[PDB]
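Colleague: Chains as they are written, first to last, in PDB author numbering: chain g, 134 to 265; chain G, 51 to 68, 77 to 326; chain I, 51 to 65, 78 to 326; chain A, 535 to 596, 605 to 631.
Note that the Cβ used here is the ideal one computed from N, Cα and C, for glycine as well.
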Amino acid sequence: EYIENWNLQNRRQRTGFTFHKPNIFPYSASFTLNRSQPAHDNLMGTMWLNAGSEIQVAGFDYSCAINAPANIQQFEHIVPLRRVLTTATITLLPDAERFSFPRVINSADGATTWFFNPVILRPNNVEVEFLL
Amino acid sequence: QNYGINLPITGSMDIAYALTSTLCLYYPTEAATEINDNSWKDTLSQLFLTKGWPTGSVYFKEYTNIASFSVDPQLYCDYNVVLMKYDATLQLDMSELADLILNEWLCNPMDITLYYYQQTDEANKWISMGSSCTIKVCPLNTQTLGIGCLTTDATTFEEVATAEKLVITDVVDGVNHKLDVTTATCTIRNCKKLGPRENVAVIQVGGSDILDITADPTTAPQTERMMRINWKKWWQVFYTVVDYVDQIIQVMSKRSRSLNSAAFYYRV
Amino acid sequence: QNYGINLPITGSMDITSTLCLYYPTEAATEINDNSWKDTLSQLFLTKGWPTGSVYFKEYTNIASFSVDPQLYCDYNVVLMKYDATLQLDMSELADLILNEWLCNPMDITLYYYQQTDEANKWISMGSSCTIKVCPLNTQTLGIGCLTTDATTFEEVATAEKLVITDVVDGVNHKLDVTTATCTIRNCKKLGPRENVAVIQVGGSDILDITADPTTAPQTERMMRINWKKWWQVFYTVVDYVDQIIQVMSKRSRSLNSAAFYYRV
Amino acid sequence: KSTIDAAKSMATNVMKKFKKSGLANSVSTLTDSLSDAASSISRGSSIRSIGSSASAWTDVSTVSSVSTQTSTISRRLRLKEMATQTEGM
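Here it is, written out as structure tokens:
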């Protein structure tokens with residue numbers, strides 16, 4: 134397959150490499166906070182882990198949408214790819230398998246820590262967009 | 051830097067991340091009368107120096123009575139720890155004082171001689187402070203008339219207080235209330251519970267803990283900032299407080315409204 | 051439709079009623095009014111309860127409310143005054159009113175009774191109860207008390223309007239209670255009764271609704287507030303009725319699902 | 535058939551109770567939902583729907607899940623005969 138790919142690339146035609154579980158997602162375990170307090174008493178933001186060939190995201194709110202506009206809080210997450218992909222089959226589950234446990238992680242200030250106490254619900258209006 | 055705009059904060063988990079304080083205390087005068095000494099403040103300052111906090115910046119204030127402390131408390135400090143004596147007959151006083159000093163209240167003046175009033179949220183509570191407060195209220199329905207009390211008179215009102223030094227009151231949402239209080243000595247303000255305050259913690263020096271911090275009867279939680287110990291001699295209480303000063307400092311923190319960066323958020 | 055038989059419930063993870083209130087007469091004497099019930103009814107109308115649906119019954123003391131304290135109301139909220147000597151009265155009243163009790167009456171001079179498991183107690187009520195118990199051995203011989211002796215019995219309750227008595231299971235006992243001012247029925251606890259919520263004015267949340275020493279669960283239906291004027295308490299109750307009604311749900315037995323399962 | 539004495543208020547009386555029953559409540563709720571959807575800007579795309587660009591006409595709020611969705615859709619759609627969108631009988 135590789136020699137054929139090289140030969141067809143040298144002749145300027147359509148190339149293709151097959152993969153199983155392609156390791157294309159960069160590793161960046163970053164969390165984002167929007168409604169924040171210096172003492173971490175009520176939070177609202179997104180925490181994601183995109184490692185290997187798996188993407189795991191979890192939107193959390195400490196108020197549980199109790200002072201929100203009509204008890205609905207939105208969370209958006211956009212993950213780009215450095216290279217295009219074609220003919221993808223996607224396995225999708227509605228449960229985060231990593232961000233559903235009592236955790237304590239250092240904050241973004243670099244000198245303080247906050248506690249995470251999760252209770253999992255089912256996500257509503259789960260929309261996924263594949264855009265090019 | 052940009053102020054007053056809530057913006058996303060980036061973070062990470064693979065980066066290795068993991077004094078000059080100003081202490082203040084409020085205690086009743088019976089402790090000072092019982093200890094029989096007046097040089098104890100120097101001893102406390104030296105003991106605080108031993109733990110690690112600098113001296114000179116520590117201030118002490120006394121209040122004649124819990125009622126005297128109740129009216130118009132003054133709190134300008136960095137770590138407020140207040141010792142409140144417990145009793146089996148004055149539960150509401152301690153409850154209201156701790157509730158007032160535990161949460162921030164954004165208040166507006168109330169003129170009950172040319173207006174009516176009503177609530178619009180679960181954080182709407184009415185706070186009366188003065189030397190002789192007796193709040194008299196008569197509910198008014200949607201037609202602006204009295205039910206169980208005539209609007210023309212005022213003595214037939216259903217009172218909620220009587221000469222109380224301080225009284226926190228809540229009224230039924232969605233209806234008007236005509237008020238008549240002797241404004242010559244006491245003031246009534248309309249306050250909304252914006253959020254928690256960590257700058258003040260109360261230690262109940264007494265017995266059965268009874269404090270509630272929520273206006274709704276459904277939930278009466280026991281916050282961590284509410285400390286409670288037994289007592290027979292005040293020197294033992296002071297020794298316990300100074301020994302566990304590190305825990306008190308860790309559980310508390312700097313005020314969430316005077317961080318020099320949280321400007322235009324109702325403080326600084 | 052089908053009752054009497056439980057069936058597997060399956061599902062997919064993906065996708078205006080009466081309320082009664084009670085109060086002490088001391089509160090009414092401390093308010094000094096007669097239209098107050100109407101005013102609170104109007105406030106409930108403003109808050110979202112149709113007029114002509116909220117009732118009010120009045121008692122004179124906790125002891126008086128303890129005899130035949132059956133609450134027949136779709137949503138019950140009980141105001142209880144905290145005393146200094148009636149800790150047992152309040153605790154056992156809350157225990158009786160908070161658990162579904164299935165009772166069997168007992169003749170006191172014909173049989174010798176025992177207990178089956180740890181979820182069995184003896185509920186007693188009357189004008190005055192003087193309950194005496196003597197645990198016999200396995201050979202019908204008295205241990206520290208004689209079967210035909212009416213003076214050496216171990217006193218356990220006297221002059222109590224409402225007393226919940228528990229004995230050590232596994233061995234028979236003899237009972238001698240005056241069935242002219244008292245009545246004792248063998249009752250078995252089934253589960254939590256969630257149609258009753260109690261608001262305690264004063265006190266420090268001492269009511270234990272379980273006699274077990276190891277556990278002492280504080281069920282959420284035992285609220286605690288502090289009082290100086292009864293108007294304040296009534297205003298707090300009326301303003302935050304939504305939280306109280308959200309704490310409770312439909313009675314587990316009124317619905318046609320516990321029918322033929324010890325219905326109601 | 536009765537053909538009785540000088541003009542009565544039959545039309546007004548029948549309208550009085552015709553405007554209180556479930557039809558008026560349903561049309562009021564439909565209009566309120568459409569107005570809120572037209573005002574739905576503070577939450578972005580938030581109205582629950584199975585189609586695209588939620589228009590307050592195919593929302594799912596209330605066997606097979608598709609059957610429940612279709613039943614709810616038809617129950618709300620019955621009012622479409624009150625909007626002169628139909629073309630037949």
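I'd like to know whether the C-beta atoms of I/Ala146 and I/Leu224 end up nearer to each other than 9 Å.
Modeller: Their beta carbons are not under 9 Å apart, which means I/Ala146 does not touch I/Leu224 by this criterion.
Colleague: I'd like to know whether the C-beta atoms of I/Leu141 and I/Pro86 end up nearer to each other than 9 Å.
Modeller: Closer than 9 Å, so yes.
Colleague: State the CB to CB distance for the pair g/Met180 and g/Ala198, rounded to an integer number of angstroms; the pair is presumed to be in contact (CB under 8 Å).
Modeller: Not really, about 17 Å apart at Cβ, beyond 8 Å.
Colleague: On the DSSP letters alone, give me the boundaries of the beta strand (DSSP E) that I/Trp163 sits inside.
Modeller: It spans 161-167 - the beta strand (DSSP E) in which I/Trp163 sits, taken as one unbroken run.
Colleague: Cβ of G/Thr192 within 9 Å of Cβ of G/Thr245?
Modeller: Their beta carbons are not under 9 Å apart, which means G/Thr192 does not touch G/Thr245 by this criterion.
Colleague: How would you list, in chain order, the residues of chain A whose beta-carbon sits under 8 Å from the beta-carbon of g/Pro227?
Modeller: In chain order: nothing, as chain A lies at least about 14 Å away.
Colleague: Find the nearest neighbour of I/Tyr134 within the set I/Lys109, I/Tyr84, I/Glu92, judged by alpha-carbon distance.
Modeller: For I/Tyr134, the nearest C-alpha among the options comes from I/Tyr84.
Colleague: Check I/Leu105 in the structure and name its three-state DSSP category.
Modeller: Of the three classes helix, strand and coil, the one that applies to I/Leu105 here is helix, per DSSP.
Colleague: Closest to I/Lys109 by C-alpha separation, out of I/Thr214, I/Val303, I/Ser311, I/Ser314, would be which residue?
Modeller: Among I/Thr214, I/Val303, I/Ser311, I/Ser314, the Cα nearest to that of I/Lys109 is on I/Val303.
Colleague: Please list the partners that G/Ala278 has in chain I, where partner means a Cβ-to-Cβ separation under 9 Å.
Modeller: In chain order: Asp267, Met285, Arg286, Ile287.
Colleague: Determine, for A/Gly578, whether the minimum Cβ-Cβ distance to residues of chain g falls below 9 Å.
Modeller: At least one chain g Cβ lies under 9 Å of A/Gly578.
Colleague: Which residues in chain I sit within 8 Å of G/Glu217, going by Cβ to Cβ distance?
Modeller: What G/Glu217 touches in chain I: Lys291, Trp293.
Colleague: Please confirm whether g/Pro235 and g/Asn258 have their CB atoms less than 9 Å apart.
Modeller: No; because the gap between Cβ atoms is not below 9 Å, this pair is not in contact.
Colleague: I'd like to know if the segment 148-163 of chain I and the segment 211-226 of chain I are in contact, where contact means that at least 3 CB-CB pairs between them fall below 8 Å.
Modeller: Yes, the segment 148-163 of chain I is in contact with the segment 211-226 of chain I.
Colleague: Kindly indicate which residue of G/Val295, G/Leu198, G/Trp293, G/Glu180 has the alpha-carbon position closest to the one of G/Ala273.
Modeller: Nearest option by C-alpha distance: G/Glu180.
Colleague: Would g/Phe164 count as contacting chain G if we go by Cβ distances under 9 Å?
Modeller: Yes, g/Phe164 counts as interfacial toward chain G.
Colleague: Taking just the CA atoms, how far does I/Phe322 sit from I/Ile55?
Modeller: Computed Cα separation, rounded: 9 Å.
Colleague: Ignoring anything shorter than 3 residues, give me the beta strand (DSSP E) runs that lie fully in the segment 177-218 of chain G, in order along the chain.
Modeller: Within the segment 177-218 of chain G, the complete beta strand (DSSP E) runs of at least 3 residues are 182-191, 194-198.
Colleague: Chain A beta carbons: is any one of them nearer than 9 Å to that of g/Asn257?
Modeller: Judged by the 9 Å Cβ criterion, g/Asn257 is in contact with chain A.
Colleague: Which residue from g/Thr165, g/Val261, g/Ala244, g/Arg255 puts its Cα closest to that of I/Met63?
Modeller: Answer by Cα proximity: g/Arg255.
Colleague: For I/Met168, tell me which candidate among I/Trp184, I/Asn161, I/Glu162 has the shortest Cα-Cα distance.
Modeller: Answer by Cα proximity: I/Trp184.
Colleague: From I/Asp270 to I/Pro279, what distance separates their C-alpha atoms?
Modeller: Those two C-alpha atoms are separated by around 7 Å.
Colleague: Of all Cβ atoms in chain G, is any one closer than 9 Å to the Cβ of g/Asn239?
Modeller: Judged by the 9 Å Cβ criterion, g/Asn239 is in contact with chain G.
Colleague: Can you check DSSP and say which residues form a bridge with I/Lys250?
Modeller: The partner list for I/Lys250 (beta bridge, DSSP) reads I/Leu164, I/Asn182.
Colleague: Within its chain, find whatever has a CB closer than 8 Å to the CB of g/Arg144; leave out the 5 residues flanking it on each side and keep chain order.
Modeller: Here the set comprises nothing.
Colleague: Rounding to the nearest angstrom, what Cα-Cα distance links G/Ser186 and g/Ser161 in this structure?
Modeller: Answer to the nearest angstrom: the Cα atoms are 54 Å apart.
Colleague: Can you pull the chain G residues whose beta carbon is under 9 Å from the beta carbon of I/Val230, in chain order?
Modeller: Per Cβ cutoff of 9 Å: no residues; I/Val230 is ~32 Å from chain G at best.
Colleague: Rounded to a whole number of angstroms, what is the C-alpha to C-alpha distance between A/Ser567 and g/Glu262?
Modeller: So the two alpha carbons sit approximately 27 Å from each other.
Colleague: Got a sec, what are the start and stop residues for the alpha helix (DSSP H) A/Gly556 sits in?
Modeller: A/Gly556 -> alpha helix (DSSP H) spans 556-572.
Colleague: Measuring only the C-alpha atoms, how far is g/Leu225 from g/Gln189?
Modeller: If you take the alpha carbons of g/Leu225 and g/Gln189, they lie about 10 Å apart.
Colleague: Out of I/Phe118, I/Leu172, I/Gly264, which one is the CA nearest neighbour of G/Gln149?
Modeller: Considering only alpha carbons, the answer is I/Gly264.
Colleague: Report all residues from its chain with a CB closer than 7 Å to the CB of g/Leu182; omit the five preceding and five following residues, and keep chain order.
Modeller: Once the five neighbours on either side are set aside, the close Cβ partners of g/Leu182 are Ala162, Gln189, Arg231.
Colleague: Give the single residue among A/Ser555, A/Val594, A/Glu623, A/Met624 whose Cα lies nearest to the Cα of A/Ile615.
Modeller: Selected option, being the one with the closest Cα: A/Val594.
Colleague: Going by C-alpha distance, which of g/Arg147, g/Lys154, g/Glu209 is nearest g/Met177?
Modeller: Nearest C-alpha to g/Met177: g/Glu209.
Colleague: If contact means a Cβ-Cβ distance below 7 Å, which residues of the segment 139-157 of chain G contact chain I?
Modeller: Result list: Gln149, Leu150, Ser153.
Colleague: G/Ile307 lies in the alpha helix (DSSP H); which residues open and close that run?
Modeller: Here the alpha helix (DSSP H) through G/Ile307 covers 303-309.
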